[PDB]
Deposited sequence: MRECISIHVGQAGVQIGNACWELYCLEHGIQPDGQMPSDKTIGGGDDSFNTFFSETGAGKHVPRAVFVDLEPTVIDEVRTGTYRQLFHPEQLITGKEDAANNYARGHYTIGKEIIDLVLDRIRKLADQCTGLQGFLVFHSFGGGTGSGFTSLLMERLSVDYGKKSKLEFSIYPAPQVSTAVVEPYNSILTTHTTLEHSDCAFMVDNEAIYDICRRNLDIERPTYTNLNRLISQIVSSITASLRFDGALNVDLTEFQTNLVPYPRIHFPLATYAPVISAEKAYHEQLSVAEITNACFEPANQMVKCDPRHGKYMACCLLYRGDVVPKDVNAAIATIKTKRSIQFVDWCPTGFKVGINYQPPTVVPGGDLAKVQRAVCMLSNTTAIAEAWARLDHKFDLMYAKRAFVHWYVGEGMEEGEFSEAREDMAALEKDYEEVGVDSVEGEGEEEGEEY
């Protein structure tokens, strides 16, 4: 009961997955061979076979072999079922249309057959946890092919989606704006709560809080997994105020399309800093309202908040939480909408945050993940549609998308649908 099917797509989604499953195995005490030495706390994330082997409720999908062949060879080769690590032959080439129309069109009915064989083991499936890059060809095009199928096949089930989204300055591709804009139909129509994350924001959090001068991606993926462990903690553990995955959405989402919250986590801190400050509930609650800790490069003070889910975990008590959010309501720099006088959903879970033993991040008695619907996020969209406009005015790479079976008009129809989302997040702030 309370199962989640976790679907990891492209290189970004698979490598965040290889950090998520590194965490969940430590947090439930499962060995990297899937065995458990010595309560059903693992049941959300792992199916148990009669040998005493816990097999993860996850699908890994990539259109090329390289990243999943590394999962099939590294320390987790014995964790996963061998046919739910799914590879094609041909890379999607950072082209949405290869992911959606031409290459991913061959693998999709093998992917959905594995998701069906997972869902048929779930006794009370709670939702999908979908992990991807907005800038990738597999990330945008295959996730958008998959979600369209899952939204007719599992129409009632909540689809939570964790997206690495293009930055203000940092970028890895020229066509990252095209793939991201083409994805905006997926998140609007075939998703229920979409967590945008930014590489440049997490790099700055790493520089300021973790004292690490030059991080890899493995440093980011240990922060993106710490957030999903904190979202799902109420599904897995005992708490004072456990939050259901639909209870979460009923407080986060004010209007059907207004489901793009920010997320942040506290305390992100180096183990050397964590001795010299006390890290009380009020300190870590106030840390979530700093621009310095937002994992998208936009300023929350240029918006209004609509709703917050303060998802506390570890040694946290409801007194201290009420006393903390009363100070957040006292501060005039943190502005809410006139129509949400309640503001805060609170969850409080008794399980401390798990340290990954190779990690940059301290042992702490308390953490909070704050997931936060705010008008400010529209600036991250108003950044990227201005990158799209400069290139599409020249038609600057469009022949590679048209050459792989896409209609040219889908670029106009995607920039149009993004302007209607960027309108809605401005329209509710009044």
Checklist outcome for this item: Residues of the deposited chain that carry no C-alpha coordinates are 39-45, 438-451
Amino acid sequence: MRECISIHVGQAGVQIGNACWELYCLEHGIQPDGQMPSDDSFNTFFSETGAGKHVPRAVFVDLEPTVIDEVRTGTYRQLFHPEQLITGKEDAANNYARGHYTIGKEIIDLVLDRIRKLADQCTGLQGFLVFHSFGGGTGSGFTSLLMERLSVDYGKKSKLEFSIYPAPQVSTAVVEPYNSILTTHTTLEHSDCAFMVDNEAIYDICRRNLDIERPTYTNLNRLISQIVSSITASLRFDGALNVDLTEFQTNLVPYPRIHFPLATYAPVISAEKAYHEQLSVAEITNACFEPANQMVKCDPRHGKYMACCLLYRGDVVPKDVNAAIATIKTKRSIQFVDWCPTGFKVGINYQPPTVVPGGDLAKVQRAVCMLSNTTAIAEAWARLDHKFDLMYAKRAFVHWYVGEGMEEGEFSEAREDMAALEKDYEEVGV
From here on, numbers count along this sequence of modelled residues.
Checklist entry - Quick one: across the other PDB entries of this protein we compared, is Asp39 left without coordinates in at least a third of them? => result yes
